[PDB]
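K.L.:
Pasting in a structure now, in structure tokens, and then I'll have a few things to ask.
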Amino acid sequence: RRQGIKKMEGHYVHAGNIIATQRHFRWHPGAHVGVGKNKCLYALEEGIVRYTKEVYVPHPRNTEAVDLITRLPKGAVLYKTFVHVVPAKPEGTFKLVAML
Amino acid sequence: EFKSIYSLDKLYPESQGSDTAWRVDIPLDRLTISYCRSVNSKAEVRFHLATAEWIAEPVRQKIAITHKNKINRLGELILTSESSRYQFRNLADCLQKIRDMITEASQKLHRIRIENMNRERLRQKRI
Amino acid sequence: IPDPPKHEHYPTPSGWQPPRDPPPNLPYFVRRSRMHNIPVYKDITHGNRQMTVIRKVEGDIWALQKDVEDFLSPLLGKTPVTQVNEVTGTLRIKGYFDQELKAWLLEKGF
Amino acid sequence: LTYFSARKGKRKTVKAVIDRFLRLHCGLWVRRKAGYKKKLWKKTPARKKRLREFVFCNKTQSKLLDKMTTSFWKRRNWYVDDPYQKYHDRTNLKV
Amino acid sequence: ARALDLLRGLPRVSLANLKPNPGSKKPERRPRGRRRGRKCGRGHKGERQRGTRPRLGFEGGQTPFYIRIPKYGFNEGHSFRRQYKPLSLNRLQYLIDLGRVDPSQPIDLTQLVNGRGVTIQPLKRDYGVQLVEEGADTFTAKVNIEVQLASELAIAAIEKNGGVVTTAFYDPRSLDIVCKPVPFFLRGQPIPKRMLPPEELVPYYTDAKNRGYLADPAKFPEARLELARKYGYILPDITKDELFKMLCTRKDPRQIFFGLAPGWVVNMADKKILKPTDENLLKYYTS
Amino acid sequence: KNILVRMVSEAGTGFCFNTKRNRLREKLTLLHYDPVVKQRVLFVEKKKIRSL
RNA sequence: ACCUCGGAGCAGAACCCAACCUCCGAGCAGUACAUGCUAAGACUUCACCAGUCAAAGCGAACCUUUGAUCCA
RNA sequence: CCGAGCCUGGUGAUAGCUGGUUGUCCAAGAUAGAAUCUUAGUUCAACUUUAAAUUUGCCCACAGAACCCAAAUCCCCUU
Ligand SMILES: [Mg+2]
Ligand SMILES: [Mg+2]
Ligand SMILES: [Mg+2]
Ligand SMILES: [Mg+2]
Ligand SMILES: [Mg+2]
Ligand SMILES: [Mg+2]
Ligand SMILES: [Mg+2]
Ligand SMILES: [Mg+2]
Ligand SMILES: [Mg+2]
Ligand SMILES: [Mg+2]
Ligand SMILES: [Mg+2]
């Protein structure tokens, strides 16, 4: 299957690069990381890849996850591993084009 | 000189004189044309819009209104083309832009509209 | 091959320029090609080794090599690596410098 | 292939290659993707888009095709309105 | 040179002193001795050592790469596609500047070939020369040029300089004769008629916007003015030019050379031109 | 089983596209995008291509 | 009996792998008929063939299991 | 010397099989996946050799790589 992480933490990544291929949601999309139909994580921006642990708040329409979260003790918080791309370059610059 | 059945005089009897093949609106002398070998080169066409007698006065006014961003402080309309390696094609594009501007003079914004509407809504204080 | 016609103004619209008369008094001379162009040629081997050859050199090919190194080191930032074929009278420079060398030889008047 | 023909002593061209591949003069070979016309009703739009594409060959595939064609197929052709005229040459290539 | 003085010093150059240039003669490798003998570079037993490995392109039984790819008409009709050698305005200006092409006379494919500005291969389906806009911005020559194809920008440059350009068709036979007339003259055959363009090419050569040699000359001034207007130059009145006769000279659509009629025989041995007078022959060569 | 059928545009264009419908099911009429016309138009089943 | 593909054992922690082997199911079904067109950048079953993901853009609306070429 | 005579010719049949493959000296040089009427072969890959171009390469300290419910590995600033 040759699945798994393709870009480890700190790796420079260009927009569109696949970060990790997975069958389940082992790693979740963070900032500037999109998900394909097959749960592959790809970079939406050019920058550095970071892996963090973040509180998991499932989408309300996700009935199974909502049931899981409602069956949970009052103090518990779910955590998941998220992959973010810290953008490196700015969106652009203002350049003098003409001195009218 | 040799002449066959397919000679041009036989093919087109109406036009037979030699001078018939060589007998000959924007004033190129009036326009100012410059070329910059900036890969595509650049052609700049500039002409004083106000003193463009070859353009009608209402058309000049409409052009000075619509294309005011392309008018220099000296009142001269400046427009450039950089879409070709050939200064011929760049100048052709500039001239076609001039023609299109004259023709239309003869005959992203959503957020700006919303923010202007909000400015008008905030526009309530009356001295 | 016809001798090029005399033109009132040089360089000619195609950029061609006759060698100056009298020839420069340098220790070396670079003869024009039979088509009356400067004999500076790009060359490529292995698909990645780019070279430029000054081919029809007469006299002090070593003086020419010194001059070429002096002229090209500011452009490269390092002294260019060269081969001096004294037998065939050619100078081979690593890298493409055909346009710069042609202009330089024109300035020297070859 | 035939390295020396029996009538001319020349090297022959494998015409199966000519019927299938386009050679760009610089040395690139272009081809269609296998199955690009087969059972399109059961293929996803992305797969069909991938299959409808003209695709370059490997270095070794290109070398094989070069060996299997003769020098006639590797010449400059100045066709009138060749769609591949711009692709016949490489630009801004470093090594 | 010091090399000739060194020769003066050295012994006589004879057939016993000659040596090939070092690096021009690689040593021959032959399978004798420990290093190159024994298995002689063929390896251990197998097809490759026996010399019977399968044909090029065979992949051991797997369907080969060059066969598993679908057939596509990349090269269908390649040998019937017309080819036109490009002549850029840069190249034309270079030839004129170096005097290899004389602008004071009409420029046709014969003149281009004789000046070695272009190399035409009629056997390789070259149908002539196409004018190419490259170098238009620096073209400053007044020329009367006859080509087979011409881009709009190339025509514009030629006409802006005060010149004339016409697109004239040549069939393969006429093209071969035009490109190399001397071998044709040594063939000892009467000059044949230049054939008309094929039906697909007829509209191109009858269109005035292409300056086709079969186009109505009445429409030429209109097209020239349109190009001048489009590309922002004043159209020069070539009729006022002192070379107007040269600029106007155009060979007949059935004429291969400027001053020679179809049917004539060029006797180069005694510098003569035999002309048929039989009425049937004259009618045929004029038709 | 299912059969592959050729839905042909009712807009007069020669545009046809292939769908799958049950053999026992009635002949198909379906709204679909016409690229030549650049608008959604009706398509009708013309003939059975195969039986899959 | 099997031969291709997919899922699980079978590999504890990137990938790859215990082939042979164990079990299961697929040569599809359902859905939609933009479930379109294009296009940066990537993945990949260790070759190739093939197979995946995809920003931006255009256009409509407002997806969950296989087979090449030739030939017809 | 007949489960199919002998001779000549096609014929230097063909052989993925067996055997052999001749001066001197130096140098670099190792097990490895896929497909295949394929596992006594071959083609691609990997490795290998030569030449060439260029600039980073290997080692790696932290940081980082999942829930279901061990030894180690990956990745890379330094060095
Ligand atoms: Mg060379
Ligand atoms: Mg040895
Ligand atoms: Mg042996
Ligand atoms: Mg072997
Ligand atoms: Mg498995
Ligand atoms: Mg792969
Ligand atoms: Mg017997
Ligand atoms: Mg044998
Ligand atoms: Mg050793
Ligand atoms: Mg088989
Ligand atoms: Mg075998």
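We label chains A, B, ... in the order they appear in the structure tokens, count residues from 1 in each chain, and number ligands from 1 in the order shown.
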Would you mind listing what lies within 8 Å of region 58-69 of chain C as a PDB file with C-alpha atoms, in the first residue's frame, with only C-alpha atoms (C1' of nucleotides) counted and same-chain residues fewer than 3 positions away left out?
P.N.:
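Here's the written file around18.pdb:
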ATOM      1  CA  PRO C  27      50.289  39.931 -30.005  1.00  0.00           C
ATOM      2  CA  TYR C  28      47.520  37.720 -31.407  1.00  0.00           C
ATOM      3  CA  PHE C  29      45.114  37.941 -34.326  1.00  0.00           C
ATOM      4  CA  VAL C  30      41.686  36.347 -34.718  1.00  0.00           C
ATOM      5  CA  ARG C  31      40.890  35.795 -38.385  1.00  0.00           C
ATOM      6  CA  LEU C  72      35.753  36.944 -18.122  1.00  0.00           C
ATOM      7  CA  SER C  73      36.769  36.666 -14.451  1.00  0.00           C
ATOM      8  CA  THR C  79      39.087  32.822 -13.345  1.00  0.00           C
ATOM      9  CA  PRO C  80      37.509  30.822 -16.191  1.00  0.00           C
ATOM     10  CA  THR C  82      40.318  27.110 -20.400  1.00  0.00           C
ATOM     11  CA  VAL C  84      44.800  26.403 -25.150  1.00  0.00           C
ATOM     12  CA  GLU C  86      48.419  25.851 -29.525  1.00  0.00           C
ATOM     13  CA  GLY C  89      45.342  27.708 -32.682  1.00  0.00           C
ATOM     14  CA  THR C  90      42.120  27.545 -30.678  1.00  0.00           C
ATOM     15  CA  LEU C  91      41.024  28.582 -27.201  1.00  0.00           C
TER      16      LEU C  91
ATOM     17  CA  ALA E   1      55.721  32.134 -36.441  1.00  0.00           C
TER      18      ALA E   1
END
K.L.:
Neighbours of ligand 6 at 10 Å or closer, counting only C-alpha atoms (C1' of nucleotides) and all ligand atoms: which residues, as a PyMOL selection string?
P.N.:
(chain A and resi 2) or (chain G and resi 43-48+50-51)
K.L.:
Would you put the residues from that selection into a file with N, CA, C and O atoms (P, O5', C5', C4', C3', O3' and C1' of nucleotides), as a PDB file, in the first residue's frame?
P.N.:
ATOM      1  N   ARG A   2       2.044   1.151   0.629  1.00  0.00           N
ATOM      2  CA  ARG A   2       3.021   2.241   0.682  1.00  0.00           C
ATOM      3  C   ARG A   2       2.406   3.524   1.229  1.00  0.00           C
ATOM      4  O   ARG A   2       2.657   4.622   0.732  1.00  0.00           O
TER       5      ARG A   2
ATOM      6  P     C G  43       6.297  12.792  -4.600  1.00  0.00           P
ATOM      7  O5'   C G  43       5.244  11.684  -4.171  1.00  0.00           O
ATOM      8  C5'   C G  43       4.685  11.681  -2.870  1.00  0.00           C
ATOM      9  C4'   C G  43       3.484  10.777  -2.790  1.00  0.00           C
ATOM     10  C3'   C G  43       3.717   9.334  -3.192  1.00  0.00           C
ATOM     11  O3'   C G  43       4.269   8.565  -2.142  1.00  0.00           O
ATOM     12  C1'   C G  43       1.743  10.142  -4.211  1.00  0.00           C
ATOM     13  P     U G  44       5.479   7.555  -2.430  1.00  0.00           P
ATOM     14  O5'   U G  44       4.811   6.399  -3.289  1.00  0.00           O
ATOM     15  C5'   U G  44       3.717   5.650  -2.784  1.00  0.00           C
ATOM     16  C4'   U G  44       3.066   4.841  -3.874  1.00  0.00           C
ATOM     17  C3'   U G  44       4.010   4.044  -4.756  1.00  0.00           C
ATOM     18  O3'   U G  44       4.433   2.827  -4.170  1.00  0.00           O
ATOM     19  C1'   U G  44       2.474   5.204  -6.112  1.00  0.00           C
ATOM     20  P     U G  45       5.907   2.267  -4.469  1.00  0.00           P
ATOM     21  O5'   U G  45       5.712   0.691  -4.537  1.00  0.00           O
ATOM     22  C5'   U G  45       5.065   0.083  -5.650  1.00  0.00           C
ATOM     23  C4'   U G  45       4.495  -1.266  -5.290  1.00  0.00           C
ATOM     24  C3'   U G  45       3.867  -2.036  -6.448  1.00  0.00           C
ATOM     25  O3'   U G  45       4.026  -3.434  -6.218  1.00  0.00           O
ATOM     26  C1'   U G  45       2.237  -1.647  -4.798  1.00  0.00           C
ATOM     27  P     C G  46       5.242  -4.239  -6.888  1.00  0.00           P
ATOM     28  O5'   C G  46       6.479  -3.925  -5.939  1.00  0.00           O
ATOM     29  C5'   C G  46       7.733  -3.547  -6.492  1.00  0.00           C
ATOM     30  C4'   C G  46       8.000  -2.077  -6.303  1.00  0.00           C
ATOM     31  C3'   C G  46       9.013  -1.476  -7.273  1.00  0.00           C
ATOM     32  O3'   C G  46       8.642  -0.135  -7.573  1.00  0.00           O
ATOM     33  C1'   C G  46       9.785  -1.200  -5.058  1.00  0.00           C
ATOM     34  P     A G  47       7.959   0.203  -8.982  1.00  0.00           P
ATOM     35  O5'   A G  47       9.071  -0.194 -10.044  1.00  0.00           O
ATOM     36  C5'   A G  47      10.298   0.511 -10.118  1.00  0.00           C
ATOM     37  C4'   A G  47      10.904   0.383 -11.487  1.00  0.00           C
ATOM     38  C3'   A G  47      10.023   0.852 -12.628  1.00  0.00           C
ATOM     39  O3'   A G  47      10.110   2.249 -12.826  1.00  0.00           O
ATOM     40  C1'   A G  47      10.960  -1.259 -13.148  1.00  0.00           C
ATOM     41  P     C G  48       8.787   3.130 -13.020  1.00  0.00           P
ATOM     42  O5'   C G  48       8.271   2.720 -14.462  1.00  0.00           O
ATOM     43  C5'   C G  48       9.070   2.946 -15.608  1.00  0.00           C
ATOM     44  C4'   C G  48       8.569   2.146 -16.777  1.00  0.00           C
ATOM     45  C3'   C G  48       7.093   2.297 -17.080  1.00  0.00           C
ATOM     46  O3'   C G  48       6.816   3.442 -17.859  1.00  0.00           O
ATOM     47  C1'   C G  48       7.670   0.009 -17.068  1.00  0.00           C
ATOM     48  P     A G  50       0.264   3.802 -19.311  1.00  0.00           P
ATOM     49  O5'   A G  50      -0.647   3.319 -18.104  1.00  0.00           O
ATOM     50  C5'   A G  50      -1.703   2.398 -18.315  1.00  0.00           C
ATOM     51  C4'   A G  50      -2.003   1.596 -17.074  1.00  0.00           C
ATOM     52  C3'   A G  50      -2.706   2.325 -15.950  1.00  0.00           C
ATOM     53  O3'   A G  50      -4.091   2.489 -16.166  1.00  0.00           O
ATOM     54  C1'   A G  50      -0.927   1.099 -15.056  1.00  0.00           C
ATOM     55  P     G G  51      -4.823   3.828 -15.674  1.00  0.00           P
ATOM     56  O5'   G G  51      -4.810   3.711 -14.094  1.00  0.00           O
ATOM     57  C5'   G G  51      -5.274   2.540 -13.449  1.00  0.00           C
ATOM     58  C4'   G G  51      -4.897   2.546 -11.996  1.00  0.00           C
ATOM     59  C3'   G G  51      -5.325   3.778 -11.242  1.00  0.00           C
ATOM     60  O3'   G G  51      -6.693   3.743 -10.912  1.00  0.00           O
ATOM     61  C1'   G G  51      -3.098   3.265 -10.684  1.00  0.00           C
TER      62        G G  51
END
K.L.:
Give me, as a PDB file with N, CA and C atoms (P, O5', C5', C4', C3', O3' and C1' of nucleotides), in the first residue's frame, all polymer residues having an atom no more than 10 Å from region 29-41 of chain D, counting only C-alpha atoms (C1' of nucleotides) and skipping those fewer than 5 positions away in the same chain.
P.N.:
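Here's the written file result_36.pdb:
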ATOM      1  N   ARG D  20       2.759   4.663 -33.073  1.00  0.00           N
ATOM      2  CA  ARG D  20       2.353   4.863 -31.692  1.00  0.00           C
ATOM      3  C   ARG D  20       2.963   6.079 -31.024  1.00  0.00           C
ATOM      4  N   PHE D  21       4.183   6.458 -31.377  1.00  0.00           N
ATOM      5  CA  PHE D  21       4.903   7.493 -30.657  1.00  0.00           C
ATOM      6  C   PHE D  21       5.213   8.666 -31.569  1.00  0.00           C
ATOM      7  N   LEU D  22       5.217   9.852 -30.980  1.00  0.00           N
ATOM      8  CA  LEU D  22       5.673  11.064 -31.635  1.00  0.00           C
ATOM      9  C   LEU D  22       7.018  11.446 -31.051  1.00  0.00           C
ATOM     10  N   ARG D  23       7.982  11.730 -31.909  1.00  0.00           N
ATOM     11  CA  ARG D  23       9.295  12.153 -31.455  1.00  0.00           C
ATOM     12  C   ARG D  23       9.420  13.660 -31.591  1.00  0.00           C
ATOM     13  N   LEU D  24       9.631  14.334 -30.470  1.00  0.00           N
ATOM     14  CA  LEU D  24      10.037  15.725 -30.500  1.00  0.00           C
ATOM     15  C   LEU D  24      11.522  15.792 -30.813  1.00  0.00           C
ATOM     16  N   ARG D  47      -9.688   9.888 -13.697  1.00  0.00           N
ATOM     17  CA  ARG D  47      -8.964   8.866 -14.438  1.00  0.00           C
ATOM     18  C   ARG D  47      -9.061   9.104 -15.938  1.00  0.00           C
ATOM     19  N   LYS D  48     -10.239   9.494 -16.423  1.00  0.00           N
ATOM     20  CA  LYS D  48     -10.389   9.786 -17.843  1.00  0.00           C
ATOM     21  C   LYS D  48      -9.543  10.981 -18.256  1.00  0.00           C
ATOM     22  N   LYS D  49      -9.491  12.013 -17.413  1.00  0.00           N
ATOM     23  CA  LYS D  49      -8.650  13.167 -17.703  1.00  0.00           C
ATOM     24  C   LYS D  49      -7.183  12.770 -17.758  1.00  0.00           C
ATOM     25  N   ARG D  50      -6.753  11.900 -16.846  1.00  0.00           N
ATOM     26  CA  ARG D  50      -5.379  11.418 -16.883  1.00  0.00           C
ATOM     27  C   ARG D  50      -5.113  10.607 -18.141  1.00  0.00           C
ATOM     28  N   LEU D  51      -6.093   9.817 -18.572  1.00  0.00           N
ATOM     29  CA  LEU D  51      -5.897   8.950 -19.725  1.00  0.00           C
ATOM     30  C   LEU D  51      -5.910   9.721 -21.035  1.00  0.00           C
ATOM     31  N   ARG D  52      -6.626  10.834 -21.095  1.00  0.00           N
ATOM     32  CA  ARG D  52      -6.709  11.615 -22.320  1.00  0.00           C
ATOM     33  C   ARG D  52      -5.475  12.464 -22.574  1.00  0.00           C
ATOM     34  N   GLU D  53      -4.407  12.286 -21.812  1.00  0.00           N
ATOM     35  CA  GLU D  53      -3.265  13.181 -21.878  1.00  0.00           C
ATOM     36  C   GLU D  53      -2.150  12.599 -22.736  1.00  0.00           C
ATOM     37  N   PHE D  54      -1.378  13.492 -23.344  1.00  0.00           N
ATOM     38  CA  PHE D  54      -0.186  13.119 -24.088  1.00  0.00           C
ATOM     39  C   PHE D  54       1.001  13.170 -23.141  1.00  0.00           C
ATOM     40  N   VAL D  55       1.775  12.095 -23.108  1.00  0.00           N
ATOM     41  CA  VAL D  55       2.674  11.806 -22.001  1.00  0.00           C
ATOM     42  C   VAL D  55       4.069  11.521 -22.536  1.00  0.00           C
ATOM     43  N   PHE D  56       5.086  12.006 -21.828  1.00  0.00           N
ATOM     44  CA  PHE D  56       6.465  11.777 -22.229  1.00  0.00           C
ATOM     45  C   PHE D  56       6.940  10.397 -21.794  1.00  0.00           C
ATOM     46  N   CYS D  57       7.986   9.922 -22.457  1.00  0.00           N
ATOM     47  CA  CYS D  57       8.576   8.628 -22.150  1.00  0.00           C
ATOM     48  C   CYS D  57       9.827   8.773 -21.284  1.00  0.00           C
ATOM     49  N   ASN D  58      10.246   7.655 -20.690  1.00  0.00           N
ATOM     50  CA  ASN D  58      11.466   7.595 -19.894  1.00  0.00           C
ATOM     51  C   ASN D  58      12.696   7.903 -20.739  1.00  0.00           C
ATOM     52  N   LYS D  59      13.830   8.045 -20.056  1.00  0.00           N
ATOM     53  CA  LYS D  59      15.106   8.072 -20.761  1.00  0.00           C
ATOM     54  C   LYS D  59      15.377   6.744 -21.451  1.00  0.00           C
ATOM     55  N   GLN D  61      13.157   4.334 -22.193  1.00  0.00           N
ATOM     56  CA  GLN D  61      12.157   4.159 -23.237  1.00  0.00           C
ATOM     57  C   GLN D  61      12.507   4.987 -24.462  1.00  0.00           C
ATOM     58  N   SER D  62      12.935   6.230 -24.253  1.00  0.00           N
ATOM     59  CA  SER D  62      13.326   7.083 -25.365  1.00  0.00           C
ATOM     60  C   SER D  62      14.532   6.516 -26.098  1.00  0.00           C
ATOM     61  N   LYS D  63      15.503   5.985 -25.358  1.00  0.00           N
ATOM     62  CA  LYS D  63      16.672   5.376 -25.979  1.00  0.00           C
ATOM     63  C   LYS D  63      16.278   4.165 -26.811  1.00  0.00           C
ATOM     64  N   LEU D  65      13.329   3.650 -28.228  1.00  0.00           N
ATOM     65  CA  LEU D  65      12.634   4.132 -29.416  1.00  0.00           C
ATOM     66  C   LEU D  65      13.610   4.728 -30.421  1.00  0.00           C
ATOM     67  N   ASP D  66      14.639   5.417 -29.932  1.00  0.00           N
ATOM     68  CA  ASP D  66      15.653   5.969 -30.817  1.00  0.00           C
ATOM     69  C   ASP D  66      16.389   4.862 -31.550  1.00  0.00           C
TER      70      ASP D  66
ATOM     71  N   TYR E  66       6.543  -0.750 -26.432  1.00  0.00           N
ATOM     72  CA  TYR E  66       6.231  -0.140 -27.713  1.00  0.00           C
ATOM     73  C   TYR E  66       5.053  -0.794 -28.415  1.00  0.00           C
ATOM     74  N   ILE E  67       4.385  -1.761 -27.794  1.00  0.00           N
ATOM     75  CA  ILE E  67       3.234  -2.409 -28.411  1.00  0.00           C
ATOM     76  C   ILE E  67       2.013  -2.245 -27.519  1.00  0.00           C
ATOM     77  N   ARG E  68       2.225  -2.182 -26.209  1.00  0.00           N
ATOM     78  CA  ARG E  68       1.108  -2.006 -25.294  1.00  0.00           C
ATOM     79  C   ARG E  68       0.569  -0.586 -25.288  1.00  0.00           C
ATOM     80  N   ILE E  69       1.253   0.350 -25.934  1.00  0.00           N
ATOM     81  CA  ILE E  69       0.782   1.723 -26.064  1.00  0.00           C
ATOM     82  C   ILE E  69      -0.147   1.778 -27.268  1.00  0.00           C
ATOM     83  N   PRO E  70      -1.305   2.425 -27.171  1.00  0.00           N
ATOM     84  CA  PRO E  70      -2.234   2.434 -28.302  1.00  0.00           C
ATOM     85  C   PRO E  70      -1.662   3.166 -29.500  1.00  0.00           C
ATOM     86  N   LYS E  71      -2.053   2.710 -30.683  1.00  0.00           N
ATOM     87  CA  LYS E  71      -1.691   3.405 -31.906  1.00  0.00           C
ATOM     88  C   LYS E  71      -2.420   4.735 -31.977  1.00  0.00           C
ATOM     89  N   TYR E  72      -1.690   5.787 -32.323  1.00  0.00           N
ATOM     90  CA  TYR E  72      -2.278   7.103 -32.501  1.00  0.00           C
ATOM     91  C   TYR E  72      -1.652   7.752 -33.721  1.00  0.00           C
ATOM     92  N   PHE E  74      -0.006  10.099 -34.773  1.00  0.00           N
ATOM     93  CA  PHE E  74       0.983  11.162 -34.658  1.00  0.00           C
ATOM     94  C   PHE E  74       1.642  11.444 -35.997  1.00  0.00           C
TER      95      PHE E  74
ATOM     96  N   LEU F   4     -25.918  -0.905 -20.427  1.00  0.00           N
ATOM     97  CA  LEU F   4     -25.389   0.396 -20.811  1.00  0.00           C
ATOM     98  C   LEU F   4     -26.168   0.904 -22.016  1.00  0.00           C
ATOM     99  N   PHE F  17     -24.475  10.508 -24.565  1.00  0.00           N
ATOM    100  CA  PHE F  17     -23.643  10.029 -23.471  1.00  0.00           C
ATOM    101  C   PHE F  17     -24.233   8.741 -22.919  1.00  0.00           C
ATOM    102  N   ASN F  18     -23.376   7.925 -22.319  1.00  0.00           N
ATOM    103  CA  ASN F  18     -23.741   6.573 -21.923  1.00  0.00           C
ATOM    104  C   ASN F  18     -24.070   6.512 -20.438  1.00  0.00           C
ATOM    105  N   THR F  19     -25.153   5.808 -20.115  1.00  0.00           N
ATOM    106  CA  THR F  19     -25.592   5.589 -18.742  1.00  0.00           C
ATOM    107  C   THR F  19     -25.859   4.103 -18.537  1.00  0.00           C
ATOM    108  N   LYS F  20     -26.170   3.730 -17.299  1.00  0.00           N
ATOM    109  CA  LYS F  20     -26.526   2.359 -16.959  1.00  0.00           C
ATOM    110  C   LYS F  20     -27.925   2.342 -16.366  1.00  0.00           C
TER     111      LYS F  20
ATOM    112  P     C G  49       5.399   4.172 -17.734  1.00  0.00           P
ATOM    113  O5'   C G  49       4.347   3.042 -18.105  1.00  0.00           O
ATOM    114  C5'   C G  49       4.192   2.586 -19.438  1.00  0.00           C
ATOM    115  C4'   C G  49       3.202   1.456 -19.506  1.00  0.00           C
ATOM    116  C3'   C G  49       1.836   1.753 -18.919  1.00  0.00           C
ATOM    117  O3'   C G  49       0.998   2.468 -19.802  1.00  0.00           O
ATOM    118  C1'   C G  49       2.600  -0.316 -18.100  1.00  0.00           C
ATOM    119  P     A G  50       0.264   3.802 -19.311  1.00  0.00           P
ATOM    120  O5'   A G  50      -0.647   3.319 -18.104  1.00  0.00           O
ATOM    121  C5'   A G  50      -1.703   2.398 -18.315  1.00  0.00           C
ATOM    122  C4'   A G  50      -2.003   1.596 -17.074  1.00  0.00           C
ATOM    123  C3'   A G  50      -2.706   2.325 -15.950  1.00  0.00           C
ATOM    124  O3'   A G  50      -4.091   2.489 -16.166  1.00  0.00           O
ATOM    125  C1'   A G  50      -0.927   1.099 -15.056  1.00  0.00           C
ATOM    126  P     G G  67      -7.607  -2.267 -14.143  1.00  0.00           P
ATOM    127  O5'   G G  67      -7.331  -3.593 -14.988  1.00  0.00           O
ATOM    128  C5'   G G  67      -8.276  -4.055 -15.950  1.00  0.00           C
ATOM    129  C4'   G G  67      -7.620  -4.466 -17.243  1.00  0.00           C
ATOM    130  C3'   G G  67      -8.424  -4.124 -18.498  1.00  0.00           C
ATOM    131  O3'   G G  67      -7.533  -3.847 -19.574  1.00  0.00           O
ATOM    132  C1'   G G  67      -8.075  -6.435 -18.412  1.00  0.00           C
ATOM    133  P     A G  68      -8.072  -3.122 -20.902  1.00  0.00           P
ATOM    134  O5'   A G  68      -6.752  -2.686 -21.664  1.00  0.00           O
ATOM    135  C5'   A G  68      -5.863  -1.748 -21.088  1.00  0.00           C
ATOM    136  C4'   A G  68      -4.481  -1.914 -21.647  1.00  0.00           C
ATOM    137  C3'   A G  68      -4.390  -1.949 -23.158  1.00  0.00           C
ATOM    138  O3'   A G  68      -4.424  -0.665 -23.748  1.00  0.00           O
ATOM    139  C1'   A G  68      -3.161  -3.739 -22.274  1.00  0.00           C
ATOM    140  P     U G  69      -5.369  -0.385 -25.011  1.00  0.00           P
ATOM    141  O5'   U G  69      -4.529  -0.935 -26.237  1.00  0.00           O
ATOM    142  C5'   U G  69      -3.160  -0.610 -26.375  1.00  0.00           C
ATOM    143  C4'   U G  69      -2.460  -1.564 -27.302  1.00  0.00           C
ATOM    144  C3'   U G  69      -3.149  -1.839 -28.620  1.00  0.00           C
ATOM    145  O3'   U G  69      -3.003  -0.793 -29.559  1.00  0.00           O
ATOM    146  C1'   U G  69      -2.377  -3.863 -27.707  1.00  0.00           C
TER     147        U G  69
END
K.L.:
Contacts from chain G to chain A, 6 Å maximum, only C-alpha atoms (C1' of nucleotides): show me the residue list as a PyMOL selection string.
P.N.:
chain G and resi 15+41-42+45+53
K.L.:
Using only C-alpha atoms (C1' of nucleotides) and all ligand atoms, determine which residues fall within 10 Å of ligand 7, then list them as a list in words.
P.N.:
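Residues lying within 10 Å of ligand 7: residues 1, 2, 5 and 6 of chain H.
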K.L.:
Which one is closest to ligand 2: H:25, H:17, H:4, H:65? Count only C-alpha atoms (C1' of nucleotides) and all ligand atoms.
P.N.:
H:25
K.L.:
Given a cut-off of 12 Å, what residues near ligand 2 show up using only C-alpha atoms (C1' of nucleotides) and all ligand atoms, put as a PyMOL selection string?
P.N.:
(chain E and resi 33-41+43) or (chain H and resi 25-29)
K.L.:
Can you work out which residues are within 7 Å of ligand 1, considering only C-alpha atoms (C1' of nucleotides) and all ligand atoms, and then hand them over as a PyMOL selection string?
P.N.:
chain C and resi 43-45
K.L.:
CA of residue 40 (chain C) to CA of residue 81 (chain C): how many Å, to one decimal?
P.N.:
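Interatomic distance, CA of residue 40 (chain C) to CA of residue 81 (chain C): 16.5 Å.
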K.L.:
Distance limit 10 Å, atoms considered: only C-alpha atoms (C1' of nucleotides). Which chain D residues sit that close to chain H? Return them as an NGL selection string.
P.N.:
:D and (60-61 or 94-95)
K.L.:
Any chance you could export the current selection's N, CA, C and O atoms as a PDB file, in the first residue's frame?
P.N.:
ATOM      1  N   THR D  60      15.164   5.631 -20.750  1.00  0.00           N
ATOM      2  CA  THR D  60      15.450   4.338 -21.360  1.00  0.00           C
ATOM      3  C   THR D  60      14.420   3.986 -22.421  1.00  0.00           C
ATOM      4  O   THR D  60      14.764   3.406 -23.455  1.00  0.00           O
ATOM      5  N   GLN D  61      13.157   4.334 -22.193  1.00  0.00           N
ATOM      6  CA  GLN D  61      12.157   4.159 -23.237  1.00  0.00           C
ATOM      7  C   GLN D  61      12.507   4.987 -24.462  1.00  0.00           C
ATOM      8  O   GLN D  61      12.403   4.509 -25.597  1.00  0.00           O
ATOM      9  N   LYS D  94      18.558  23.235 -17.455  1.00  0.00           N
ATOM     10  CA  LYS D  94      19.874  23.176 -16.832  1.00  0.00           C
ATOM     11  C   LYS D  94      20.247  21.713 -16.642  1.00  0.00           C
ATOM     12  O   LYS D  94      19.684  21.031 -15.780  1.00  0.00           O
ATOM     13  N   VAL D  95      21.186  21.240 -17.456  1.00  0.00           N
ATOM     14  CA  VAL D  95      21.705  19.880 -17.374  1.00  0.00           C
ATOM     15  C   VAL D  95      20.588  18.853 -17.494  1.00  0.00           C
ATOM     16  O   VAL D  95      20.343  18.314 -18.571  1.00  0.00           O
TER      17      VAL D  95
END
